[PDB]
$ cat coords25.cif   # mmCIF, C-alpha atoms and all ligand atoms
data_target
loop_
_atom_site.label_atom_id
_atom_site.label_comp_id
_atom_site.auth_asym_id
_atom_site.auth_seq_id
_atom_site.Cartn_x
_atom_site.Cartn_y
_atom_site.Cartn_z
CA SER B 5 0.00 0.00 0.00
CA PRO B 6 -0.30 2.06 -2.08
CA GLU B 7 -0.27 -0.07 -5.18
CA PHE B 8 1.18 1.47 -8.33
CA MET B 9 0.72 0.40 -11.95
CA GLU B 10 4.43 -0.44 -12.02
CA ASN B 11 3.72 -3.14 -9.42
CA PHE B 12 1.62 -5.02 -12.01
CA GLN B 13 2.85 -7.06 -14.97
CA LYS B 14 0.43 -7.30 -17.87
CA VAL B 15 -0.20 -10.92 -18.81
CA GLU B 16 -2.82 -10.88 -21.57
CA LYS B 17 -5.91 -9.05 -22.73
CA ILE B 18 -8.87 -11.04 -21.39
CA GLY B 19 -11.45 -9.30 -23.56
CA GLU B 20 -13.33 -6.07 -23.98
CA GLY B 21 -16.08 -4.45 -21.97
CA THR B 22 -18.05 -1.27 -21.53
CA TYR B 23 -14.70 0.44 -20.82
CA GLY B 24 -12.69 -1.24 -23.58
CA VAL B 25 -9.83 -3.65 -22.94
CA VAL B 26 -9.61 -5.64 -19.70
CA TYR B 27 -6.20 -7.13 -18.91
CA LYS B 28 -5.03 -10.12 -16.98
CA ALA B 29 -2.16 -8.84 -14.85
CA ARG B 30 0.12 -10.17 -12.13
CA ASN B 31 1.08 -8.44 -8.89
CA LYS B 32 4.89 -8.48 -8.97
CA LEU B 33 4.99 -8.09 -5.18
CA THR B 34 2.48 -10.81 -4.27
CA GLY B 35 2.18 -13.03 -7.36
CA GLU B 36 -1.61 -12.61 -7.32
CA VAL B 37 -3.26 -12.48 -10.74
CA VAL B 38 -5.94 -9.81 -11.09
CA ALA B 39 -8.10 -8.24 -13.78
CA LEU B 40 -7.34 -4.58 -14.60
CA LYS B 41 -9.75 -2.11 -16.15
CA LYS B 42 -8.43 1.24 -17.40
CA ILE B 43 -10.80 4.20 -17.24
CA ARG B 44 -9.84 7.34 -19.15
CA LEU B 45 -11.17 10.39 -17.34
CA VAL B 52 -18.46 13.86 -13.03
CA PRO B 53 -22.11 14.58 -12.17
CA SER B 54 -23.07 14.63 -8.50
CA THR B 55 -25.65 11.89 -8.96
CA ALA B 56 -22.91 9.88 -10.68
CA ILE B 57 -20.38 10.16 -7.85
CA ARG B 58 -23.12 9.00 -5.50
CA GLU B 59 -24.02 5.97 -7.62
CA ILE B 60 -20.36 4.97 -7.92
CA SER B 61 -20.09 5.19 -4.14
CA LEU B 62 -23.18 3.01 -3.78
CA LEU B 63 -21.72 0.38 -6.10
CA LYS B 64 -18.39 0.47 -4.26
CA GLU B 65 -20.25 -0.27 -1.01
CA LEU B 66 -21.57 -3.58 -2.33
CA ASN B 67 -19.84 -6.75 -1.11
CA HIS B 68 -21.55 -9.92 -2.31
CA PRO B 69 -20.57 -13.38 -3.64
CA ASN B 70 -22.36 -12.65 -6.93
CA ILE B 71 -20.80 -9.23 -7.61
CA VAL B 72 -17.28 -9.14 -9.04
CA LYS B 73 -14.93 -8.06 -6.25
CA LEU B 74 -13.17 -4.72 -6.65
CA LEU B 75 -9.83 -4.96 -4.86
CA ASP B 76 -8.32 -1.52 -5.46
CA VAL B 77 -8.55 1.73 -7.40
CA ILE B 78 -5.28 3.30 -8.60
CA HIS B 79 -5.30 6.96 -9.68
CA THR B 80 -2.60 8.23 -12.07
CA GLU B 81 -3.05 11.58 -13.84
CA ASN B 82 -5.79 11.16 -16.45
CA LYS B 83 -6.15 7.47 -15.59
CA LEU B 84 -8.13 5.29 -13.23
CA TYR B 85 -7.06 1.63 -12.97
CA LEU B 86 -9.65 -0.65 -11.38
CA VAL B 87 -8.11 -3.78 -9.83
CA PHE B 88 -10.60 -6.68 -9.73
CA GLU B 89 -10.39 -10.30 -8.73
CA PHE B 90 -9.22 -12.35 -11.70
CA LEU B 91 -11.92 -14.07 -13.69
CA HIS B 92 -11.65 -14.87 -17.35
CA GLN B 93 -14.73 -16.83 -18.37
CA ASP B 94 -18.14 -15.28 -18.94
CA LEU B 95 -21.61 -16.59 -19.71
CA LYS B 96 -21.48 -15.62 -23.39
CA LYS B 97 -18.19 -17.46 -23.93
CA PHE B 98 -19.52 -20.43 -21.94
CA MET B 99 -22.76 -20.53 -23.95
CA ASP B 100 -20.79 -20.45 -27.20
CA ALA B 101 -18.56 -23.33 -26.08
CA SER B 102 -21.71 -25.22 -25.01
CA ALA B 103 -23.70 -24.56 -28.19
CA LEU B 104 -23.39 -28.17 -29.40
CA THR B 105 -24.98 -29.52 -26.22
CA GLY B 106 -26.42 -26.62 -24.26
CA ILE B 107 -25.71 -25.75 -20.67
CA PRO B 108 -27.20 -28.49 -18.45
CA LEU B 109 -30.39 -27.48 -16.65
CA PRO B 110 -28.96 -27.77 -13.10
CA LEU B 111 -26.29 -25.22 -14.09
CA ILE B 112 -28.88 -22.98 -15.75
CA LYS B 113 -30.87 -23.09 -12.52
CA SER B 114 -27.83 -22.42 -10.36
CA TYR B 115 -26.66 -19.46 -12.45
CA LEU B 116 -30.14 -17.95 -12.62
CA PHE B 117 -30.60 -18.39 -8.86
CA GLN B 118 -27.24 -16.74 -8.07
CA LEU B 119 -27.89 -13.84 -10.47
CA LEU B 120 -31.23 -13.28 -8.76
CA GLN B 121 -29.41 -13.28 -5.41
CA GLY B 122 -26.93 -10.67 -6.64
CA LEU B 123 -29.70 -8.57 -8.17
CA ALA B 124 -31.84 -8.81 -5.03
CA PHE B 125 -28.85 -7.49 -3.07
CA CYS B 126 -28.14 -4.64 -5.49
CA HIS B 127 -31.80 -3.62 -5.65
CA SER B 128 -32.22 -3.56 -1.87
CA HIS B 129 -29.19 -1.21 -1.77
CA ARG B 130 -30.81 1.05 -4.46
CA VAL B 131 -28.32 -0.11 -7.10
CA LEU B 132 -29.50 -1.17 -10.56
CA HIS B 133 -27.33 -2.90 -13.11
CA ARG B 134 -29.12 -1.48 -16.20
CA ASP B 135 -26.99 -3.35 -18.77
CA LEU B 136 -27.28 -7.07 -17.98
CA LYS B 137 -26.05 -9.27 -20.81
CA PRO B 138 -24.28 -12.65 -20.96
CA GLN B 139 -20.86 -11.14 -21.63
CA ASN B 140 -21.15 -9.05 -18.42
CA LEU B 141 -21.63 -12.18 -16.28
CA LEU B 142 -18.36 -13.67 -15.03
CA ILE B 143 -17.94 -17.30 -13.95
CA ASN B 144 -15.24 -19.10 -11.96
CA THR B 145 -14.09 -22.71 -11.66
CA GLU B 146 -16.18 -23.41 -8.54
CA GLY B 147 -19.58 -22.65 -10.08
CA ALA B 148 -20.12 -19.02 -9.09
CA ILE B 149 -21.46 -16.40 -11.49
CA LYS B 150 -21.00 -12.69 -10.85
CA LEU B 151 -22.44 -9.35 -11.96
CA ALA B 152 -20.03 -6.98 -13.72
CA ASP B 153 -19.91 -4.02 -16.13
CA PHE B 154 -22.71 -2.12 -14.42
CA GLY B 155 -24.34 0.40 -16.76
CA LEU B 156 -24.05 3.52 -14.63
CA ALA B 157 -21.66 5.55 -16.82
CA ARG B 158 -24.06 5.87 -19.75
CA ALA B 159 -27.03 6.01 -17.34
CA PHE B 160 -25.72 8.97 -15.30
CA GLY B 161 -23.80 10.83 -18.01
CA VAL B 162 -20.33 10.07 -16.67
CA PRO B 163 -17.69 11.75 -18.92
CA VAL B 164 -15.77 8.54 -19.64
CA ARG B 165 -15.16 6.81 -22.96
CA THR B 166 -17.53 3.88 -23.43
CA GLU B 170 -23.39 -1.53 -30.06
CA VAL B 171 -26.61 -3.35 -30.96
CA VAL B 172 -26.07 -6.22 -28.49
CA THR B 173 -27.08 -3.84 -25.69
CA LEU B 174 -30.52 -3.51 -27.31
CA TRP B 175 -31.30 -7.24 -27.07
CA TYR B 176 -31.76 -7.16 -23.28
CA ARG B 177 -33.42 -3.71 -22.89
CA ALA B 178 -36.80 -3.68 -21.14
CA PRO B 179 -39.77 -2.37 -23.17
CA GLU B 180 -40.51 0.51 -20.76
CA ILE B 181 -37.04 1.87 -21.60
CA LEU B 182 -37.61 1.46 -25.34
CA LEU B 183 -40.94 3.27 -25.00
CA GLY B 184 -39.32 6.26 -23.32
CA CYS B 185 -40.24 5.93 -19.63
CA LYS B 186 -38.30 8.56 -17.70
CA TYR B 187 -38.48 6.96 -14.23
CA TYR B 188 -37.95 3.25 -14.83
CA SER B 189 -37.47 0.80 -11.94
CA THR B 190 -35.49 -2.21 -10.72
CA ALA B 191 -37.79 -4.25 -12.97
CA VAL B 192 -35.60 -3.41 -15.98
CA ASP B 193 -32.98 -5.82 -14.59
CA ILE B 194 -35.50 -8.67 -14.19
CA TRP B 195 -36.48 -8.27 -17.85
CA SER B 196 -32.85 -8.53 -18.96
CA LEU B 197 -32.33 -11.60 -16.79
CA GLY B 198 -35.50 -13.17 -18.17
CA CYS B 199 -34.07 -12.75 -21.68
CA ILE B 200 -30.82 -14.37 -20.53
CA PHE B 201 -32.78 -17.24 -18.94
CA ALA B 202 -34.48 -17.92 -22.28
CA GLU B 203 -31.12 -17.66 -24.07
CA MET B 204 -29.41 -20.23 -21.83
CA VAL B 205 -32.30 -22.65 -22.48
CA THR B 206 -32.67 -22.22 -26.25
CA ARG B 207 -29.00 -21.40 -27.00
CA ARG B 208 -30.04 -18.32 -28.96
CA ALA B 209 -30.77 -14.73 -28.02
CA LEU B 210 -34.48 -14.14 -27.52
CA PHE B 211 -34.86 -10.68 -29.12
CA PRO B 212 -31.83 -9.85 -31.30
CA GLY B 213 -32.97 -6.51 -32.69
CA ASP B 214 -30.88 -4.00 -34.62
CA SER B 215 -32.54 -0.71 -33.55
CA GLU B 216 -34.90 0.50 -30.84
CA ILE B 217 -37.97 0.15 -33.08
CA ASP B 218 -36.83 -3.27 -34.34
CA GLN B 219 -36.20 -4.40 -30.77
CA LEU B 220 -39.74 -3.34 -29.86
CA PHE B 221 -41.27 -5.13 -32.85
CA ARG B 222 -39.41 -8.38 -32.14
CA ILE B 223 -40.70 -8.23 -28.56
CA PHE B 224 -44.27 -7.52 -29.73
CA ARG B 225 -44.18 -10.35 -32.31
CA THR B 226 -43.32 -12.84 -29.55
CA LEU B 227 -45.19 -11.55 -26.48
CA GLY B 228 -47.99 -9.76 -28.33
CA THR B 229 -48.44 -6.07 -28.91
CA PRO B 230 -49.29 -4.73 -25.43
CA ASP B 231 -52.50 -2.83 -24.87
CA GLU B 232 -54.11 -1.09 -21.91
CA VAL B 233 -55.56 -4.37 -20.59
CA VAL B 234 -52.14 -6.06 -20.39
CA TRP B 235 -50.12 -2.94 -19.53
CA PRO B 236 -52.13 -0.05 -18.09
CA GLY B 237 -50.60 3.19 -19.31
CA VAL B 238 -48.66 1.73 -22.27
CA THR B 239 -50.52 3.74 -24.89
CA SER B 240 -49.51 7.04 -23.22
CA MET B 241 -45.80 6.28 -22.91
CA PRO B 242 -43.59 8.91 -24.61
CA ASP B 243 -42.65 6.84 -27.67
CA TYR B 244 -45.77 4.71 -27.98
CA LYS B 245 -47.38 5.01 -31.43
CA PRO B 246 -50.88 3.66 -32.19
CA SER B 247 -49.47 2.86 -35.63
CA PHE B 248 -47.59 -0.08 -34.06
CA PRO B 249 -48.63 -3.38 -35.70
CA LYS B 250 -50.84 -5.62 -33.56
CA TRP B 251 -49.29 -9.08 -33.09
CA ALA B 252 -50.79 -11.90 -31.03
CA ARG B 253 -48.85 -13.55 -28.22
CA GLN B 254 -46.91 -16.74 -29.07
CA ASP B 255 -46.94 -19.91 -26.96
CA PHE B 256 -43.85 -20.59 -24.85
CA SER B 257 -43.98 -24.16 -26.12
CA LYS B 258 -42.68 -22.52 -29.30
CA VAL B 259 -40.62 -19.68 -27.80
CA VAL B 260 -38.73 -21.77 -25.21
CA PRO B 261 -39.49 -25.38 -26.22
CA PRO B 262 -37.40 -27.18 -23.53
CA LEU B 263 -39.07 -25.47 -20.55
CA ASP B 264 -41.81 -27.11 -18.52
CA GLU B 265 -44.64 -25.32 -16.69
CA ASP B 266 -42.40 -24.34 -13.75
CA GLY B 267 -39.89 -22.77 -16.13
CA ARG B 268 -42.58 -21.16 -18.27
CA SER B 269 -44.25 -19.77 -15.14
CA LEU B 270 -41.06 -18.09 -13.93
CA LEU B 271 -40.10 -16.79 -17.38
CA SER B 272 -43.57 -15.33 -17.99
CA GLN B 273 -43.30 -13.47 -14.68
CA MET B 274 -39.87 -12.11 -15.61
CA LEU B 275 -41.07 -10.95 -19.05
CA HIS B 276 -44.32 -9.36 -17.89
CA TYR B 277 -44.89 -6.16 -19.89
CA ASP B 278 -46.08 -4.16 -16.90
CA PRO B 279 -43.03 -3.33 -14.72
CA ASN B 280 -45.38 -3.06 -11.73
CA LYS B 281 -46.44 -6.70 -12.19
CA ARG B 282 -43.05 -8.10 -13.24
CA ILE B 283 -41.64 -10.42 -10.59
CA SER B 284 -39.01 -9.00 -8.26
CA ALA B 285 -35.63 -10.64 -7.77
CA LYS B 286 -36.48 -11.43 -4.15
CA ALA B 287 -39.78 -13.10 -5.08
CA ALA B 288 -38.31 -15.10 -7.97
CA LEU B 289 -35.95 -16.82 -5.51
CA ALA B 290 -39.02 -18.45 -3.91
CA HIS B 291 -40.39 -19.69 -7.25
CA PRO B 292 -41.01 -23.48 -7.45
CA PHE B 293 -38.53 -23.60 -10.37
CA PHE B 294 -35.73 -23.39 -7.77
CA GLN B 295 -36.99 -26.25 -5.54
CA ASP B 296 -34.08 -28.51 -6.54
CA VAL B 297 -31.40 -25.87 -7.16
CA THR B 298 -27.84 -27.08 -6.54
CA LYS B 299 -24.35 -25.62 -7.12
CA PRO B 300 -22.77 -27.60 -9.98
CA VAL B 301 -19.34 -26.87 -11.39
CA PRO B 302 -18.97 -25.94 -15.08
CA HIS B 303 -16.84 -27.86 -17.53
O1 LIG B 401 -14.47 7.18 -6.63
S1 LIG B 401 -13.50 6.23 -7.14
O2 LIG B 401 -13.09 5.27 -6.12
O3 LIG B 401 -12.32 7.03 -7.49
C1 LIG B 401 -14.08 5.40 -8.61
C2 LIG B 401 -14.10 4.01 -8.55
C3 LIG B 401 -14.53 3.26 -9.67
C4 LIG B 401 -14.93 3.89 -10.84
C5 LIG B 401 -14.91 5.32 -10.93
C6 LIG B 401 -15.33 5.94 -12.16
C7 LIG B 401 -15.33 7.33 -12.29
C8 LIG B 401 -14.91 8.13 -11.21
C9 LIG B 401 -14.49 7.52 -10.01
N1 LIG B 401 -14.09 8.36 -8.89
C10 LIG B 401 -13.10 9.48 -8.95
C11 LIG B 401 -13.10 10.34 -7.88
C12 LIG B 401 -12.21 11.37 -7.84
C13 LIG B 401 -11.29 11.54 -8.90
CL1 LIG B 401 -10.19 12.85 -8.83
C14 LIG B 401 -11.29 10.67 -9.97
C15 LIG B 401 -12.18 9.63 -10.01
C16 LIG B 401 -14.50 6.08 -9.85
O1 LIG B 402 -16.60 -2.00 -13.56
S1 LIG B 402 -17.72 -2.73 -12.99
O2 LIG B 402 -17.65 -4.14 -13.39
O3 LIG B 402 -18.95 -2.15 -13.54
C1 LIG B 402 -17.76 -2.73 -11.22
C2 LIG B 402 -17.97 -3.97 -10.65
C3 LIG B 402 -18.02 -4.15 -9.26
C4 LIG B 402 -17.86 -3.05 -8.42
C5 LIG B 402 -17.64 -1.76 -8.97
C6 LIG B 402 -17.47 -0.67 -8.05
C7 LIG B 402 -17.26 0.63 -8.53
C8 LIG B 402 -17.19 0.85 -9.92
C9 LIG B 402 -17.35 -0.22 -10.82
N1 LIG B 402 -17.26 0.03 -12.26
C10 LIG B 402 -17.33 1.39 -12.89
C11 LIG B 402 -16.40 1.70 -13.86
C12 LIG B 402 -16.43 2.93 -14.47
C13 LIG B 402 -17.42 3.87 -14.12
CL1 LIG B 402 -17.49 5.41 -14.88
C14 LIG B 402 -18.36 3.56 -13.15
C15 LIG B 402 -18.33 2.33 -12.53
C16 LIG B 402 -17.58 -1.57 -10.34
#

$ encode --input "coords25.cif" --output "structure tokens" --more "lines below"
Ligand SMILES: O=S(=O)(O)c1cccc2cccc(Nc3ccc(Cl)cc3)c12
Ligand SMILES: O=S(=O)(O)c1cccc2cccc(Nc3ccc(Cl)cc3)c12
Amino acid sequence: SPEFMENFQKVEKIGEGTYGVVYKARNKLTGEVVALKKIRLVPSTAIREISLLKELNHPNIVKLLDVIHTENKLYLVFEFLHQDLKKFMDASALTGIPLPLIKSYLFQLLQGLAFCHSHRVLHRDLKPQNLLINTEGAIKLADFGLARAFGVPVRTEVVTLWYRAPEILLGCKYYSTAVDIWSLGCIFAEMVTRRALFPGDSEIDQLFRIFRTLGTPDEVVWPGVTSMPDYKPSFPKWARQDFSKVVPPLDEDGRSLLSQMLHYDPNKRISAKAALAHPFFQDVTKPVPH
């Protein structure tokens, strides 16, 4: 103490992220491998949200070990992890992730989200590449979306659209913790089917792909939807599709949970805390990935 960037030896780039390149590095003093994020350099609400995220200590949130300030630079020192759910799904495309691991990962992500949400922290940008996994079966939240959400002046892609809740796409100013449950519901479906649920290429295309699968919402399904800032009565009217077609492998317990996570109305969408008690998790275990 203090640590300096000279105390770290770069090993390899371990991928990109909302802040560009992440590096595997080695502490020359201790031998510990870590993951380093470089942030090139803030609104008052943004400082406060960063402080809230720094407060969080949880098994399912990637552990921040240190923050090193040098001139224009911030170097975030994290625990070393180097697999993520997107890379794991791609390597498992031939066979699919086994259901006990799907259940375990979904359960843990709900635990991490429940913890964030009770501390007034939202993720806002949940996607499979932001979800880090280790050898012992844990999965962890990372690359929180607060820089673009709170106008942080830091350098920071259609993949982000695929997991965006419909109340965001329709312009809602004061969205809620429910946006994270939507994203996780999409990831749940994607683990099961081995394909992204709503891979749109623009905000309107994302909306139309959602509508084509879940039905065009109306006031009966989603009170207030037709007055949302970007709602247009010219939207096409699609009927809802059966989950036997949308997520063929799921049974009624899985379809029940997924339908509650993808509820149009954010006020009716299941909370993270409540989803942990869903019957789907009756037999949840902690398997190790291969
Ligand atoms: O609070 S920090 O622990 O430094 C911090 C931790 C992680 C990410 C951060 C992203 C943006 C600004 C941060 N803070 C900060 C405060 C003062 C100065 Cl002069 C420069 C930067 C971040
Ligand atoms: O990188 S993260 O994986 O999102 C992350 C994960 C876990 C704890 C974090 C604690 C404080 C800041 C984090 N990140 C961050 C980076 C840049 C900005 Cl401007 C704002 C926030 C944390």

$ residues_around --input "coords25.cif" --residues "region 84-98 of chain B" --least-positions-apart "2" --cutoff "8 Å" --atoms "all atoms listed in the file" --output "JSON, numbers by chain"
{"B": [9, 18, 28, 37, 38, 39, 40, 41, 42, 43, 44, 45, 72, 73, 74, 75, 76, 77, 78, 79, 80, 82, 100, 101, 102, 138, 139, 140, 141, 142, 143, 144]}

$ closest_residue --input "coords25.cif" --among "B:114, B:54, B:215, B:166" --to "ligand LIG 402 (chain B)" --atoms "only C-alpha atoms and all ligand atoms"
B:166

$ closest_residue --input "coords25.cif" --among "B:182, B:60, B:200, B:171" --to "residue 260 (chain B)" --atoms "all atoms listed in the file"
B:200

$ residues_near_ligand --input "coords25.cif" --ligand "ligand LIG 402 (chain B)" --cutoff "7 Å" --atoms "all atoms listed in the file" --output "JSON, numbers by chain"
{"B": [43, 60, 61, 63, 64, 71, 72, 73, 74, 152, 153, 154, 155, 156, 157, 162, 164]}

$ residues_around --input "coords25.cif" --residues "residue 131 (chain B)" --least-positions-apart "5" --cutoff "9 Å" --atoms "only C-alpha atoms" --output "mmCIF file with C-alpha atoms, keeping the file's coordinate frame"
data_model
loop_
_atom_site.group_PDB
_atom_site.id
_atom_site.type_symbol
_atom_site.label_atom_id
_atom_site.label_comp_id
_atom_site.auth_asym_id
_atom_site.auth_seq_id
_atom_site.Cartn_x
_atom_site.Cartn_y
_atom_site.Cartn_z
ATOM 1 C CA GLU B 59 -24.020 5.970 -7.620
ATOM 2 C CA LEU B 62 -23.180 3.010 -3.780
ATOM 3 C CA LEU B 63 -21.720 0.380 -6.100
ATOM 4 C CA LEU B 66 -21.570 -3.580 -2.330
ATOM 5 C CA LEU B 123 -29.700 -8.570 -8.170
ATOM 6 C CA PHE B 125 -28.850 -7.490 -3.070
ATOM 7 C CA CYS B 126 -28.140 -4.640 -5.490
ATOM 8 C CA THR B 190 -35.490 -2.210 -10.720
#

$ closest_residue --input "coords25.cif" --among "B:285, B:22, B:266, B:174" --to "residue 214 (chain B)" --atoms "all atoms listed in the file"
B:174

$ axis_aligned_box --input "coords25.cif" --around "ligand LIG 401 (chain B)" --padding-each-side "4 Å" --output "JSON"
{"center_x": -12.8, "center_y": 8.1, "center_z": -9.2, "size_x": 13.1, "size_y": 17.6, "size_z": 14.2}

$ residues_around --input "coords25.cif" --residues "residue 15 (chain B)" --least-positions-apart "2" --cutoff "9 Å" --atoms "all atoms listed in the file" --output "list in words"
residues 13, 17, 27, 28, 29, 30 and 37 of chain B

$ decode --input "coords25.cif" --residues "region 104-181 of chain B" --atoms "C-alpha atoms" --output "CSV table (one decimal), in the first residue's frame"
chain,number,residue,atom,x,y,z
B,104,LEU,CA,-23.4,-28.2,-29.4
B,105,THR,CA,-25.0,-29.5,-26.2
B,106,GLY,CA,-26.4,-26.6,-24.3
B,107,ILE,CA,-25.7,-25.7,-20.7
B,108,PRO,CA,-27.2,-28.5,-18.5
B,109,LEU,CA,-30.4,-27.5,-16.7
B,110,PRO,CA,-29.0,-27.8,-13.1
B,111,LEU,CA,-26.3,-25.2,-14.1
B,112,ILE,CA,-28.9,-23.0,-15.8
B,113,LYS,CA,-30.9,-23.1,-12.5
B,114,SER,CA,-27.8,-22.4,-10.4
B,115,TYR,CA,-26.7,-19.5,-12.5
B,116,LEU,CA,-30.1,-17.9,-12.6
B,117,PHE,CA,-30.6,-18.4,-8.9
B,118,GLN,CA,-27.2,-16.7,-8.1
B,119,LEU,CA,-27.9,-13.8,-10.5
B,120,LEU,CA,-31.2,-13.3,-8.8
B,121,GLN,CA,-29.4,-13.3,-5.4
B,122,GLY,CA,-26.9,-10.7,-6.6
B,123,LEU,CA,-29.7,-8.6,-8.2
B,124,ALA,CA,-31.8,-8.8,-5.0
B,125,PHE,CA,-28.9,-7.5,-3.1
B,126,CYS,CA,-28.1,-4.6,-5.5
B,127,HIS,CA,-31.8,-3.6,-5.6
B,128,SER,CA,-32.2,-3.6,-1.9
B,129,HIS,CA,-29.2,-1.2,-1.8
B,130,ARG,CA,-30.8,1.0,-4.5
B,131,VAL,CA,-28.3,-0.1,-7.1
B,132,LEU,CA,-29.5,-1.2,-10.6
B,133,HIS,CA,-27.3,-2.9,-13.1
B,134,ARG,CA,-29.1,-1.5,-16.2
B,135,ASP,CA,-27.0,-3.3,-18.8
B,136,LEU,CA,-27.3,-7.1,-18.0
B,137,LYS,CA,-26.1,-9.3,-20.8
B,138,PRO,CA,-24.3,-12.6,-21.0
B,139,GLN,CA,-20.9,-11.1,-21.6
B,140,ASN,CA,-21.1,-9.1,-18.4
B,141,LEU,CA,-21.6,-12.2,-16.3
B,142,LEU,CA,-18.4,-13.7,-15.0
B,143,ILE,CA,-17.9,-17.3,-14.0
B,144,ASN,CA,-15.2,-19.1,-12.0
B,145,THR,CA,-14.1,-22.7,-11.7
B,146,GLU,CA,-16.2,-23.4,-8.5
B,147,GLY,CA,-19.6,-22.7,-10.1
B,148,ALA,CA,-20.1,-19.0,-9.1
B,149,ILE,CA,-21.5,-16.4,-11.5
B,150,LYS,CA,-21.0,-12.7,-10.9
B,151,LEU,CA,-22.4,-9.4,-12.0
B,152,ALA,CA,-20.0,-7.0,-13.7
B,153,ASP,CA,-19.9,-4.0,-16.1
B,154,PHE,CA,-22.7,-2.1,-14.4
B,155,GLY,CA,-24.3,0.4,-16.8
B,156,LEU,CA,-24.0,3.5,-14.6
B,157,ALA,CA,-21.7,5.6,-16.8
B,158,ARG,CA,-24.1,5.9,-19.7
B,159,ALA,CA,-27.0,6.0,-17.3
B,160,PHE,CA,-25.7,9.0,-15.3
B,161,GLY,CA,-23.8,10.8,-18.0
B,162,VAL,CA,-20.3,10.1,-16.7
B,163,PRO,CA,-17.7,11.7,-18.9
B,164,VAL,CA,-15.8,8.5,-19.6
B,165,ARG,CA,-15.2,6.8,-23.0
B,166,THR,CA,-17.5,3.9,-23.4
B,170,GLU,CA,-23.4,-1.5,-30.1
B,171,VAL,CA,-26.6,-3.3,-31.0
B,172,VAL,CA,-26.1,-6.2,-28.5
B,173,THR,CA,-27.1,-3.8,-25.7
B,174,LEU,CA,-30.5,-3.5,-27.3
B,175,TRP,CA,-31.3,-7.2,-27.1
B,176,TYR,CA,-31.8,-7.2,-23.3
B,177,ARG,CA,-33.4,-3.7,-22.9
B,178,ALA,CA,-36.8,-3.7,-21.1
B,179,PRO,CA,-39.8,-2.4,-23.2
B,180,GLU,CA,-40.5,0.5,-20.8
B,181,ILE,CA,-37.0,1.9,-21.6
